[PDB]
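Nothing in this text is a laboratory measurement; each read-out follows from the coordinates by a stated rule. Note that each Cβ is placed from the backbone with ideal geometry, even for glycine, and that neighbours are counted across all protein chains shown.
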Ligand SMILES: [Zn+2]
Ligand SMILES: [Zn+2]
């Protein structure tokens, strides 16, 4: 499994979020700048096979990571989706939610050339990971369980 | 708001699921047969504006309704998605999750002519509502809080 492999560090992946049961990883072949996948660490074939507690916490992680990404890449919108079955477009059979950023215009200048739907240069993953992590950390400081400003 | 209106019975909508805080309604201009929208009754502009408890329960309702729809229309797959912002395709600003059925071939014979992305004839809504409700009721009987077979 591609995701179980990334979780176990057997396959390369850039984490932007991680806790004991969940993680968010940059998509290797991003549809748009900042495209990220949020996944439960435990392996479930799809959304319908996951227990309610996992789905409930997954929804909360998706919110946090989405807020973080929107802030980091200054997105005007976000598309959230998960596919169940090959006829619905599922190709990785480990439950994951896509967070695909959108803009009414063009993405920030701070970001350089981007090749939609293809593998990017190493620099892309390193920068996106760092800025997204920075945005998420701030969200934990102003709206986290131990927020203070 | 189109969804608040449907919830308050001020605007026509076919419910396939409903409880004190959530509801699932057939999409009026379905992308595919059985296309349904799951919504929290309370009004939230999008996914990011909803509190964690609402998102957690929403995820659970989405699972139940999805299982029900897949069974009812004998789908091979399902696409689940929610849009945040007009640039991501959002047009109804009341948080809702799309459940769009897919098939590797064609949908069941029991179903007649279907016009993708357009308003269907009254018969479509009446039949889909009835079969989906029937499937959901069964799910509550075999895997519900008071299941027994
Ligand atoms: Zn896996
Ligand atoms: Zn509303």
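Of note:
- Of the residues in the range A:50-66, not one is buried (at least 20 other Cβ atoms within 10 Å of the Cβ) and more than 13 Å from every other protein chain (Cβ to nearest Cβ).
- Looking only at residues in the range A:23-43 that are within 13 Å of ligand 1 (Cβ to nearest atom) and crowded, with 18+ Cβ neighbours inside 10 Å, the one that is farthest from the other protein chains (Cβ to nearest Cβ) is A:25.
- Residue match in the range B:88-95 (condition: out of contact with any strand residue (DSSP E or B) (no Cβ under 6 Å at 6 or more places or on another chain) and farther than 30 Å from residue A:105 by Cβ): no
- Considering the conditions (1) in contact with a strand residue (DSSP E or B) (Cβ under 8 Å, 6 or more places away or on another chain); (2) without any contact (Cβ under 8 Å) to a residue 40 or more places away in the chain, residue A:101 is excluded by exactly one of them, (2).
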